[PDB]
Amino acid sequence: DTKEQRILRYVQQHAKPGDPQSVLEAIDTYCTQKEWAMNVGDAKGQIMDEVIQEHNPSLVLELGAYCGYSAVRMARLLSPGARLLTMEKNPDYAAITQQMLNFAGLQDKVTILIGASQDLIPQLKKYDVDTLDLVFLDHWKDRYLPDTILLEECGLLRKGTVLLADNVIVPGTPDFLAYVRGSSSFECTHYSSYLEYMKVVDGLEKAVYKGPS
């Protein structure tokens, strides 16, 4: 029994079925009052709402679904006929996200792609996909810059495509920022958001020297 399962089960018994707003409130409730989890959360969600509303995407690509909070957040704002693709490499997370979408009634607007972004991005041109309107980057931070470059190399960006990148300060994505900011191919805006708490996996490496080669 995983935390992600506990989040899903809470949603299923407290949110209104078929009601995306209700689902987001249930997750945000659970994760502020019971068990913190790595969703963008409501504060950042409101920035995301405005970006979607300002830029009016018909085709959205999300990198990193987890339990589907951000996927519900964006897909509930999309017009009929619009599509959200979300790449998730963890099959168990993909399964939770599908349940979350099904409960919220968004399964028709969203397609989960199980796999790593770096492998799936070059396959997109075989999903009836020409170019993307908006990309939400919220997966492994080491991938922001290469996936962005990959997206460009695969011809998936059009003039006006919006990249929205989370966590560019904490833990931080300095390489990505210097690239898009320094590049004449990208017009960049920054949006501050206060972050009450976050936990990430880290580690130490111990390397014992055994002598030279």
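All residue numbers refer to positions in the sequence shown, first residue = 1.
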query: 120-128 or 75-83, whichever carries the higher mean Cα B-factor; finding: 120-128
query: Selected stretch [higher average CA B-factor]: 96-104 or 139-147; finding: 139-147
query: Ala43, C-alpha B-factor rank within chain (lowest, middle or highest third); finding: lowest
query: Among modelled residues of the same chain, the CA temperature factor third for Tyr66; finding: lowest
query: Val11 CA temperature factor, ranked by third within the chain; finding: middle
query: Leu59 by Cα B-factor - lowest, middle or highest third of the modelled chain; finding: middle
query: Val51 by Cα B-factor - lowest, middle or highest third of the modelled chain; finding: lowest
